[PDB]
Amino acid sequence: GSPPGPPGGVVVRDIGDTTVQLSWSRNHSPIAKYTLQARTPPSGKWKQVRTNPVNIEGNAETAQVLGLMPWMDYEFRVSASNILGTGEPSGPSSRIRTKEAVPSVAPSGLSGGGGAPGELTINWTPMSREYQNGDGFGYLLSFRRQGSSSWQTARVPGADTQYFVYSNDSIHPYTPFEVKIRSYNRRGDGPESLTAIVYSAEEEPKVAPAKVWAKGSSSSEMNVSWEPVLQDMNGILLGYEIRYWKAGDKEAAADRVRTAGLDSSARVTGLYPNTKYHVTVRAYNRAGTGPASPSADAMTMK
């Protein structure tokens, strides 16, 4: 008069990407219903699963499991119930992996810009394993000159791929491109991102600020001002990079701070009291920095 013993020999066949066919067998006591559970090893908790048929009769030895995730590891087990309640669950089936599916989201964070002459640089956020949905994962980039119709594409494998640089001598500086990205795996292509406008590399700055003024404003702070670099048409300027170092130290070891905008002055903090500093300023954009200004000097107060 004990609750029914667990069935045994739980095995899996007909593995889909979202379903499997589970089988088992028994054996004296009448069984009214079977209940099925699944977990994702090794550290997953046992959870209930949807079945077809919805109710597994006591004479049944097979059930379709519904509502699984693609490319996922699962173990399954079965329990038997009658008027005396439910017995212990079976031992778990041997681990299976559901089939792969195309990835289900588009990569995010698509952008780009910068690089060397003749380059188009493109960047994005790599997709974490939870959305990859299969092995042989990678990204498919499509790009064309803004205005044109024909796409060029680039297929790059590896989920950790987070940028791509293309170069062609026919690409002029700061050329606008339409760009879009989709992920893919062994099973096929995922959905495409919104299109982004990405400019090819601009020319790096070629001119230095002509004059820099630096003055210690306290024992640990310095105000720095300079003459802006005159932008000629086509010229791109994002801001300035200020470098400063103690007299007696190597220029190459200078700290670096950047502005962003048309400001022609900056405040530098965290300096040492009663100390002489050298300061240079240079222009920058996404292609790099220009040559340095003549150095200026300043002393922090006592």
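Heads up: residue numbers just count along the shown sequence, starting at 1.
*Asks:* When you step from residue 26 to residue 27 in this entry, do you jump over none, 1 to 3, 4 to 9, or 10 or more residues of the deposited sequence that have no coordinates?
*Replies:* Just 1 to 3 residues are missing between them.
*Asks:* For the higher mean C-alpha B factor in the entry, choose 31-39 or 239-247.
*Replies:* Between 239-247 and 31-39, it is 31-39 that shows the higher mean C-alpha B-factor.
*Asks:* Got a sec? Mean C-alpha B-factor, which is higher, 229-237 or 268-276?
*Replies:* The deposited B-factors put 229-237 ahead on the C-alpha mean.
*Asks:* Say you rank 218, 175, 121, 185 by Cα B-factor from the PDB entry; which sits at the top?
*Replies:* The record points to 218.
*Asks:* How does the C-alpha B factor of residue 135 compare with the rest of the chain: lowest, middle or highest third?
*Replies:* Answer is highest: the recorded C-alpha B-factor places it there.
*Asks:* Splitting the chain's C-alpha B-factors into thirds, which one does residue 150 fall into?
*Replies:* Highest third.
*Asks:* Would you please rank residue 129 by its C-alpha temperature factor against the other modelled residues of its chain and give the third it falls in: lowest, middle or highest?
*Replies:* Within its chain, residue 129 is a highest-third residue by C-alpha B-factor, going by the deposited values.
*Asks:* Which third, lowest, middle or highest, does the CA B-factor of residue 88 fall in along this chain?
*Replies:* Its C-alpha B-factor belongs to the highest third of this chain's values.
*Asks:* Taking the entry's C-alpha B-factors for this chain, is residue 301 in the lowest, middle or highest third?
*Replies:* It belongs to the highest third of the chain when residues are ordered by C-alpha B-factor.
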